[PDB]
Each structure stands twice: as structure tokens, then as C-alpha cells.
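Shown next are two forms of a single protein chain, provided one at a time as C-alpha cells under the names structure 1 and structure 2.
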Structure 1
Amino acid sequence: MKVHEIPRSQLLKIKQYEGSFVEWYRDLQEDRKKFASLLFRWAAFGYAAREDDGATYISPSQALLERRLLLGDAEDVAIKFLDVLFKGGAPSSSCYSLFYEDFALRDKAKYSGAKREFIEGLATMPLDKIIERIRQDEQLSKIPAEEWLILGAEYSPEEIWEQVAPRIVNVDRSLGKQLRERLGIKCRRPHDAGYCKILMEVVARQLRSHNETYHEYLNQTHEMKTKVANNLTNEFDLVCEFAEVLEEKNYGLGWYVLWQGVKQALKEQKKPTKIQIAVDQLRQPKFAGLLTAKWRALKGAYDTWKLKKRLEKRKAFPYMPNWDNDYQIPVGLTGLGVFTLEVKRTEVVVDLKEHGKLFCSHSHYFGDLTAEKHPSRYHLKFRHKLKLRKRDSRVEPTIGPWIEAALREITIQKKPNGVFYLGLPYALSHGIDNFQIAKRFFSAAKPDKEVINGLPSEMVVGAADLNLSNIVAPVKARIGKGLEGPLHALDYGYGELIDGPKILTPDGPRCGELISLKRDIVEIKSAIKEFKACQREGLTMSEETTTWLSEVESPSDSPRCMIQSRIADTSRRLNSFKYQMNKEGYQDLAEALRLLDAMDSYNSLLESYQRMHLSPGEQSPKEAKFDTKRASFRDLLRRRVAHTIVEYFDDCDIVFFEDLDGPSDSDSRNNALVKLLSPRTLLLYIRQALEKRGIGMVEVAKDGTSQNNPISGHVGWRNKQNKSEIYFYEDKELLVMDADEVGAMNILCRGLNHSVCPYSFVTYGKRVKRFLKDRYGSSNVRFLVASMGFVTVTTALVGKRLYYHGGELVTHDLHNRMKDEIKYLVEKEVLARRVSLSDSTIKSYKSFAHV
């Protein structure tokens, strides 16, 4: 009902409504706001003031003192009510009596089946079984186990229940009624049970969300403080002193600034540098200790200082939440409210008994929808259809497969434009077989034996590489117990390829022009930027820029006029591209990504151009625009990419992906480029789309999955001029391979290996511990260097990278030497040989295999 079901949702537009629906909705929202605000004060939370960006705050003690005045003598009852409501679950399903005026308490506990079977089996149960059964139930725990034994022995179950039922009644079910009579709580409709139930559960949801957020926030602050306090060295003190000195000159620190300043301080300089204040401060005697520090220590000190600066920036408490926006109001079938669903020829009719009827329209998402009524649920059957708004289009209509789901609740919500929407959250049912093998077997370093015994004897698996160009590179294989082949699945057996590595979709013809357009936009931006500077000091623009600007036909020759001619020409081309791609439905995804990049650049060009007249000293801030067209196009592209991958892999069980990193902090130089791929949300969408078809997804370690040889495990050199080719040197021969089919193959190799074989590490964690225990004798070992950089593990080095190439560990230097050897060999234009990874003459894939 909940363990093996997958929830999804979609909306229907409410065309019209009868009865007093709007009054009911408005009353619910107003009471939600009021009582959420009140119960936030009953639970004395600290919070930061919103008006001054959290400079000041209200301590928990002041909130506690104000609560003592607000509640008075009901102080203790409210605390118990709040504890029960915050814990949640079934023991708190009777809190709606805080609002309901006609609430009546039953004086006996419910005769549930779990207690029927307990009482009916008292005769045969020994004392140890009895005490172990009732040590977790708070109702049954009200009676000692020995008394249970005498009751079972001397009395019949029919009279046992009568003797016991009043004794084990839950005494926290009457707390709300105690508060309402004592504080005079009144809601808008105190004689409607469903109204009170819905209101209480919505308010409780909001308060529980804030409770969990608040506690994790207060925990994380202390965690950060302890982590800062555990790392204290001399370099940290020196870096703190250096950072303070720079802030007095309004300069501030950075990793590049510190590193390059230390680099440039040793060498005497003549020409002034971009980082000159830092260099001048670094040449002072009091920072001599920074100039002789080792790189690892300097990096660690910088990291600790960065953590300290982030820690000092946090507020004391989170903001008080804003309750003003509307909530989705849920109504169900066993008590929350009452609704009936009727699918008609042209409408969907939702019947709320005494709050009117809602008439809704049909979707193409819920195509050919039918609903069948069952005792406490609806069975939904529908399909997806193409929406073609053009009446006479040449596209042949398509229809998807059937979908069967279970519906038990509905939601109602109002959009800010004044339209009402009905949400239908349904649940799909699939076997939890594929999702448990992915989480318990393939994500574990050492799976337990009973997991291994339950695995099937055959599997189909896949792997894929995702990039900004040639978006997807997939590979499909089949593994099984008792099979033979090049692929070795750890703890499971062997397997052989089904569909070798390839590139699913190459880039389109229009990708070349969409880069020239962005180059032109950036060049115009530079022209504007230097025109302003030359205007300020009464100089003249350089001849190169004037020659470039004069290439477009213009009605004048002054620079401002030439820059405006260039901007008009550049947007005539962007609009043409947008129109042409929208005409076809955005067939190519790489072209769409390039178009998005060009549009983003053009927006900055316009923003710069609008401020082309400002005078020194005066600032101009950004102006708010209520535009959401870019966010709806960017989202459409991510969903379309997730669909291509899931459509390719529709017959697999497990799919392997590398866990990519999202945009980074200020120290990264290319995080504007990775915001455009935007990888983490793409992975989320891929997981959601695979999960709708009962396919498991695993994320494997990514370091070195683009540098090892899939066949022999040797390192290669990836060309800098062209990133789509990688070169290897084996058997005194030079070989070349595609660097996207190498990534997919290495991802498949690491997935089948549970990511235990490392690419590089420091002289541990579960993966490295298992690798050390299996490849070598034991996990408690030390390392000594030998020969020309090879390492021998013995049962010394500290803090050094060690790489695994070809089955042996090697030191950092030998890895550099091998890559350099390949580089010098290729620089001499030595002809290489093409190797295909889908060859059927390959006898073993040795990449990331330690056994």
C-alpha cells in the first residue's frame, strides 16, 4: 500500500463550481493561517527578525516567557498536546478535537485484530514471549506480563477482553478537548467534523516541517563549530592574519590570490600585477612563514579559513515561516472529507456533499480516462496522447500504452491568477525486485550472503556517459551465473556485451552557427566596455575595434551608431534561429542547449547596453521583470533528455551513471558552463523516469572513468586540442580510441565492480578496505617505495597519491612519466592504430578489476 508503490500527480482545470465551495476554501485558508501562527507561538521557537536580514533575533527564552503569559494555567496540557502532535502518526489522529465542538470520547480501547490475536493466544504463550511482545506496545504495556499470564490461564478470552478493555485506553486522545474548553478556541465551522480534520492535519503538516528544519539547523551549526575547532595549525593563524590585513584595504582573500601571491613574492617583479596589494603584504617580514609552507598545509589552512568565514555568516535561528501563500487542500475517502468522482463524456464531476459540485475538463495526459469505484478507492485507467493544437497538421497522432493506478485522495488549490485546479495523486505498482538489487547489492561494498543468495540467475544491465556535446553514450550487457565472457561481475559471475558502446545522437548542423553568434555577442560587449572608458578620458578607440565594427552596414560612422548597428544585426539572427527551431518542435537537444546559451548572452548584452550613459559615481540596480519564459523552456529540455535515455534502456534492470558534481564555489573557473548542463536535476529527472517503469539506477564513482584503458587498465593521454580522442601506449604500439565510448565502458566496469577498485587514493573507507583485504593480504598494511617508483605493500609513505595502473600501485611521478611518454610520442606525429571496444576478440576487460 505504501512500501511498493510509486506516487505521481497531475492537474485538471476546474471549469465551474456550484454551491458554497469558495466560502469553504476561503475559510480553510484563513483558519490555516491563524492557527499556524498561534501554534508557532505555543511551541516556543527562536527566530530571526525578517525586517533587518536577521541582524537581531528573538531568543528561545523570550518566546518561552511570552508563552507563559499567553497560555497561563494551561501551560502543562499544551506541552503534552504539542509533543503528541509533533511525534505524529496514528497515536495523534484524534487531535482534531481541539476544534470539533461535538467530539465524544469512547471509554474503551478498540478491539483491533492485532489485539484479538494477542488475547486469543494467551494460553500457549510463555512468559518470555509475552514480555517480549508487549515491551514495544504502549497500550499493552499498561498491564504487567505476569498479570497477562494469570488472566490468560484463569479466564476465557471473551471475559478477558471485558476485564481489560477499559484499562488499556489511550489517555492522550482527550487532550485537545481539554484545551478547547479551557482556552475558548473557536474555528469558523465548529460543527463540521471533516472540516476540523482537514484543518488540523494541514496545520500539523506545516508545523512538523518547520520542527524538523529547525532541529537540523541547530545541529549543523554545532557540527560546523566543532569541525572548525578541531583543525588548528600555524598556517591557519597566518592565513587568518593575512585575511584580516587585506579586509582593512577592502581587498579580501582568495585561493588564486593567495597561491599566486606566494608564487610571485619570491621572484622580484618589475611590471605591476593584478594582485599587487596581496604581493606587497606578502613580502612583509611578518608573513615569512607563509612563503615556506607546503602545498597541502596551505590548502588545508585555506579550507579551514573558508569554513570559519562561512560559519560566521550564519544567523542564530532560521526565519519565521511565511504562511500567506495558498496550500493544496487534501480530501480523502475514509474520514478527512467526502468526495465522489464521476467521469462523463465531456466533463469530470467531483461531488463534495454539502460544499457543492466541481465541473472539470479533460486532459491529454489523462487520455481515455476511466475510474471504477471500489470499497475505499478508485481504480484509474488511462493513456497519454499527443496534443496537436493545429487543426490540420501532417503529424500522425500517437497513443501510448495503458496505465492502471489507484486513487484514494484529491487535492484542490488556487493559482495566483484566480484559477482553481484539481490534483489527482495516483500510485503505480511495480515489483520492488529491481529497486532492491540496486540499493542492497550494487551500492554495497560487501553485500551480505542472504542478499547474494536471492539474486536471479540472469540480468540485463546498462551504462551511459552524459556530456554537454554528444549528450548520451550508452552500452548494454547481459550477465548471469554460469555464463562466460570478458565482463566480470564481482560476487556474481561473468557476462558478455549485447550492444557495444556508441553515440546515440550526434550534434546537429546548427551547432556551429550558434557559437559564432555568441562570439559576436561577447565581442560587442567588449566594444561597449572600451567605448565607455575611451569616452571618459577623451581618447579614441583602437583601429582593430573600429575595423571590426565597420563591417556591418550603418547609416553613420560614429562608434555609438556602429555599436547600435551591430546589436540590431545580432538580434535579427537570434530571432530567426528561435523561430526556425520552434517551428520543428526542438528536434535536436544540443542545438537547443546552444540556443539557450545564446539567449542568455544576448540578455546580458541588452542589460549592458541599457546603462551606456551613466556617469562616474552613480549605480544602477537591476529592475524586476515578471517573466518566466526561460524557466519553462529550460525545464522542457531536461525532461526531453531524460526521456531519450529511458526510451533507449526500456528492457534493462539496472542502469549505471556517474555521479556528476553540480556548480561549485568561487574558486572554480567554469561553473557558468556547468549551470548550462545543469547535471544534478538531470539525474533526478532520469531517476524519476526510469522508476516509472521498474528500472533501478546506480551512481558509481567517477574519478578516472575517462582516463583508463578499458581493455588493459593502463593510463592514457587525452588530447588537449581535441577532447574526443584518447591515446594509449601498449606493447610498444600507439593506439587511439573515442573518449566517450571509453567513459561508458569504464562506467560499466566500475558498476559491476561495486566501485571497490580505486583509481587513486592517499596512504580508509569500506571500498578501499575491501580492495586492500582482497588484492593484498590484510587491511592493516603500510607502503614503501621500490625500484623506479613502484610500491610494495608490507604487513613508509604518508599523504601521497598512489595510482592503480595495470594491477600494481605506482607513485604520482611514474603516472606523470607515463602520460608524458604518450604525449611526446604523439607530438612526433607517430601514426596510431584504431581500436574498437565492441570487438568480439577481446578476452578480458581489466579496467577496475582487482581479482
Structure 2
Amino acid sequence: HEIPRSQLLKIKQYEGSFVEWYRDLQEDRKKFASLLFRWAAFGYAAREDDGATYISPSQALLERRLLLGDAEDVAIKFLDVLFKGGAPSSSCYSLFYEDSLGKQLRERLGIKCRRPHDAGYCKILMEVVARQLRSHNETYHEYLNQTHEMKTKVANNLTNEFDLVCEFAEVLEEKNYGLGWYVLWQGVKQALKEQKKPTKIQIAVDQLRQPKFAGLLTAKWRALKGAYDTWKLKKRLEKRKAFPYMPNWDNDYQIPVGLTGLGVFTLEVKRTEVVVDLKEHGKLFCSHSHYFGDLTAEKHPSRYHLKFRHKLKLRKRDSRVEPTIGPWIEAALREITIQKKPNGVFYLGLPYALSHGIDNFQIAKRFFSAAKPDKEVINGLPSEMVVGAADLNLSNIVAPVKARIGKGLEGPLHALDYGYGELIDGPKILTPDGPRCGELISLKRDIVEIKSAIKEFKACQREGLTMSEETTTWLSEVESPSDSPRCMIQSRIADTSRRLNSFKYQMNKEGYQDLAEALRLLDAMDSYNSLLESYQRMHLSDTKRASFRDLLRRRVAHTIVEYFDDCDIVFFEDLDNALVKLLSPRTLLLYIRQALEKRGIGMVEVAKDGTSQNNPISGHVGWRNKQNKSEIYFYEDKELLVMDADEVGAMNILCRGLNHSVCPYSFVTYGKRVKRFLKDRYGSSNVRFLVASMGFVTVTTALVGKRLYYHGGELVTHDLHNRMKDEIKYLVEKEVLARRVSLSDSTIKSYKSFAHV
């Protein structure tokens, strides 16, 4: 229970023979990574033609046999034990030091380094080599796995709709339009009704009239989107290069040195500078950073003890904000890293490991993530916890819930195999959206509409047609130096740019106070990128935007962890939503996990199916109000109820977390969760299902491949689910008076959603 972290200090001065040491290490690394990589049969794409060609692993094997000759097997074992790593690889730096697998191949190939007489030099050299090769092997395997899975996804999805949409795409490319989901959807929609005046889309609807496209018009809204997704996925699959790039080798790599026999370095912190004193290669003077504020270090037999605390960098001299100092941080240091960035400045890195209680992480690992917690875990659970849940959305960024649970305690809630609980802080919204979230949607809408206008401009002028009155009227509202159909596109690009730039300045002056207000600016900027990118292709028929996204993810992860500081576990829905695709589906969860892990708090990911449609109290199905997304409607006991969508989602996430997500929402006619559900709710798991009454399902110890839904303690068929959602819909269409039900009320006897016991 030591969490790894790192940060950098800038190196001001140097003494002794330091630069010679660094240059020799980097040159030997560059020379020998090449040889030890081409020892590995790795496929790669040539960088000299943007990956147009490549080298197959069979060609790589032939070249390897050409180079090594009679020493293939020994190098195979050496490189295998290098990639595996660990203690066996910790005493095998013999590849360069003149004084065990790497020892004998030197006598067979005669490889030597710049300083074969310096044990530390060779130690760091092979450490850098092994780290650089390991950073690439993992990426290579995950790349091949992803390409295979992404191909097999297309190989399993074939239908007449897919081929017909492929033909439609080829026809559109011949007409120079390019196929998108919006055009496909709206053209299918408008093909059914004959047109009167020219429309924002005309070529597509005109070309959809012919009988060859009769298959599209008779297809189901579910199959059409599936065919479109398959077509786009196949396009990317045929655009992606075969193999990963072989790593760039002229660039410099970070050099690790520590106290464990790799070398000698002593850290002593004084009033003005930090000093690192290598015994023979000189000493380095480093300035103080606000990250390691009030830094103190003390020697220990095989470690260092750092005692620092974060501060605020007020680079402004006449700062107007009161300086604040974060809490003390007790960290352990084992190694340091030295590197030269391309700008020409050295940096010193301090990888420090934190100490925290392992109990919370063990609790969130084996108990709340398993349907079978073995008996020693229950006997090892405490008698008290505070838990929380969060629902992440573009609007109402975080909707948190706090609850207190414990064995031997009574409350409305229920925790599987543990006991009951009650709410501490009622379901609510952590922070309402700022005033500028509304104005940062119109901009993105304008950008995307401009993209579509350019897309139809290409085809219309290729065909010698006349632009529809809608686009011409839409682009005429903005001042332009002329009236041509091409001038009024850039005369609108020049307005979107100014609006986005004014937002960028004004929100940066404040340090990006609101969060859901900056997540909208990120969408606006992402859409503007693709507007400009498509702009410079009309004939051909940055890291400052990927850093704002990183900052926004870190701010979101900090906003979450600040609220649940006193909690022990937090529940999040398994996001493999308009916000998860904006930041990332894989890194936003990683950043949230890191932020919570910083404070010794666990995190548990629960199934996301149906957590926004059930009734938390009664467990019945509800119909989400399409007109107003923030309200969800139910129908219990001849009365219609209304509830807050975000609070319903948070409570359902909490209920699924407290139930380990073992109660399903839908299943075909299984897995561990549904097996345990059938074992507990009903007699056994290996049981057939038979329909009875009118939409109800009786479990008899028939139907196959059907939707069976859990609602109120009984399974229903797909038709009866649609009937219920219809019942409710109709009830709200005749204005029936609903009731307002609050989840934080203390008069609730129980919560039954996702509760099968």
C-alpha cells in the first residue's frame, strides 16, 4: 500500500565530468537499443512514407537469422528474461560491464560500450535499454490485440443493409459528398416524403429514390445505425497501418540513478538550492519547486524521507489572491531521474511513493466487486462504513450521494451480506452549471453546420447545381466582403474564430473556475479543429488542445475527491454518455482512480444497465421524459410519480453497488451475476423459462433468445415492458397530476431497486 508518483526539478548548474557522462550514456543507449530491438522479431511500418509499407514478422525473422546466425536461441532467452524482468534480471547487467546470459554473447558478437570499465555506467545503460524496450513491447501487443478484435467485430456483422450502405457510400464518393450518419438518417427520413422546395440535403434524397435503395427504406432504426457503424469501422480498419512504428532513437531518454548499487547520490536541501552530489561525475544545483514546498529530506539506510507540501504558484508579482498551503505529505524516495528535454534544459525527477491504509482498497477490491466474497472477507469486514456514489454528466457534472452503513444497524437501505444503512448527505447536485454553458453550445452547433455546408458545397459545384435557399439564407446573416457561395463560408469561419478566442481569453483570466463550463469550451474547440481540417481539403478531394483536456480531466478528478474526503468507498458506473466520449472512456476513470487513491479511498465500478429507468423505492420500470431530460416518471398503485433524473441515477448506482450488481435488468434466454440471481431469487440456476398469463414469466424447473426483464420482483417479456412504458407515457400525455417524491426523506421504509433478496 505504497502508491507511485513523480515530479521534476530543473537543473541550474553542473560540475565535474557530468556532460561527458550523460552524452556517453545517451549515445550508447541509441546505438544498442537498435541492435537489441532488431534481435526481437517485431513488425513495424516504415516511417519514410507515413507507414505506406511495412516489414512483416516473417521478413523480420529472416533478417534476424541473417544477423545473429548461430546465436538465435541464446539471444531469445536473454531477451525473454529481459522483457520479463524482476530479480533475475537485476543481476544481469553483464551486457556491457567487462567484469549471466548477456556475458557469453559478448564473446560471440564482440559488443563493447564507451566505458566498459564503469559498473555504474553499464548498470544505468542496461536499465535505460530495458525500460525503453519494455515501454514498446506492451504497446505492440495491445496494438495487435486491438486490430484483431476490431476486425473480428466487422467479420461478425454482415447483412444486406451493410452491403447496400457500402454501395450508397461508393455512390456518394463518386458524387463527391462523403457519407455521414446525419445525412444517412435525414435522407432516409425525407425519402419517405416527396420534397417541395430544395432542402439542406438534396443530392442524397434524390439519389435515394431509385429502386436499388429500396432495402434501406424498409430497414429498422436499429439495423441502419448498425450498418453505418460497421461501415465507418471498416473504413478505419482499412485506413489503419498494419504494425506499430519502431521507436524514435535520436531523442533522449530519462536516466535513472538511485541508491541500490546503480550509483551514488546524496540529497541535502538547503535554504536557496537543492544539491545532488554524485561521487565522481560532479554535483547538480537545482532550484526549489512549489510542488515540493518546504522540502526536507533525511538520509536512511536504503531510502530518503521527504516531507513537503503543495503550494500555489503565483507567478504574478502583484498577486491578488491569498496564498494557501496544502496538508503535509510524508513520502519515501528511492531513485532520481535525469533527462535533457529537446529545448536543451536538464531536469531532475523525484519518484516518491506514498503510504496509505490497504484496508479500504482490499475492501473495494474483493468484496464490492465480487458476487462471491469468501467467508473470511465477511468475517474481516468492519462494523461501520461511509460510502458514496456519483453520476457524471455534461450537465450537473457530479450528482453525489452519501450514506452510512453497518452490520447491527437499521435503515431504509440494504447492503448485500453486510446489513442496512441510511443517508448522511441526501441526493443532490454538487454544483449547478455556470451561466456560460448555454452560450458554448450555440458555437459548436454553428461549427458543425458550417462543416455540413462545405460538404454540400463540394458536391453541388461538382454537379453544377444550385445551392438550396436554406444554406444560402443561413450563411447570409453574417457580414461578408462579397456574396459568393464560397466567400460567405470563410466570412463565418472568421466569426467563429473570434468568438472562441474571446471565450478562451476570458475563461483563462479566471483560472477556469467552473468545470462544466470549461467542458463545453473543450467541445467547441474539438469541433472547430475538424471544421478547419475539412476546410483545407476543398480542392484535395497540436498539443495545446490535448493539454487543456488533460487539465480538465485532472480538475474533474480533484472535484470528486474533495467531496468524498471522509468517505471510504465510492461507486461509479462502468463506462467501458456525451461526456465520457469528450474526455476519454479509459483515461477519465484512470484519473479519478488516481485522485481517490491519493487519499486512501477505494473505487468500485458497477454495471451501467438500467440505472436511469427504475424506481429506487418500488423497483418498477419508469419512462424518462424525452421532452425534459431532467425528469423521470413512474406509475405505482394507480398514481403517477415524478423524480429527479440525476438523483435517481445516483441512488441506482448506490443500490447496484450495495448489491454487487447481481440483480440484472435484462438478459437473453448468463454469467456469474445472473447465475447467483437465479440461485437466490428462484430455486436454482439451470432452469428453463416459460411464458404465462399476459406478458408475465413463470420459472419452471419454452422460449430461447428472448428479452426477460426484472420489474417489481417478477420477470416480464419484452412486449409487456413496452406495454408498461406505454401505460406511463399515455398517462403523462393526458396531463395526469404526478407527485414529487424525494429520495432523502427519512420516512422511507426500504429501497427495493436492484434488490432480489
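Rigid core here is just the name for the largest C-alpha set that superposes within 1.5 Å across the two forms. One-based numbering along structure 1's sequence throughout.
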>> With the core superposed, a Cα shift of 2 Å or more between structures 1 and 2 singles out one residue among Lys373, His364, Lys723, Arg572. Which one is it?
In response: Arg572
> Core aligned, does the CA of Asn250 move at least 2 Å between structures 1 and 2?
Replying inline: yes
>> Once both forms sit on the same rigid core, is the C-alpha displacement of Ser61 at or above 2 Å between structures 1 and 2?
In response: yes
>> If I superpose the two forms on their rigid core, does the C-alpha of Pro447 end up displaced by 2 Å or more between structures 1 and 2?
In response: no
>> Please give the CA displacement of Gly332 between structures 1 and 2, in Å, after core superposition.
In response: 1.1
>> Please give the CA displacement of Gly88 between structures 1 and 2, in Å, after core superposition.
In response: 3.1
>> Give the rigid core superposed Cα shift of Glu551 between structures 1 and 2, in Å, rounded to one decimal.
In response: 4.5
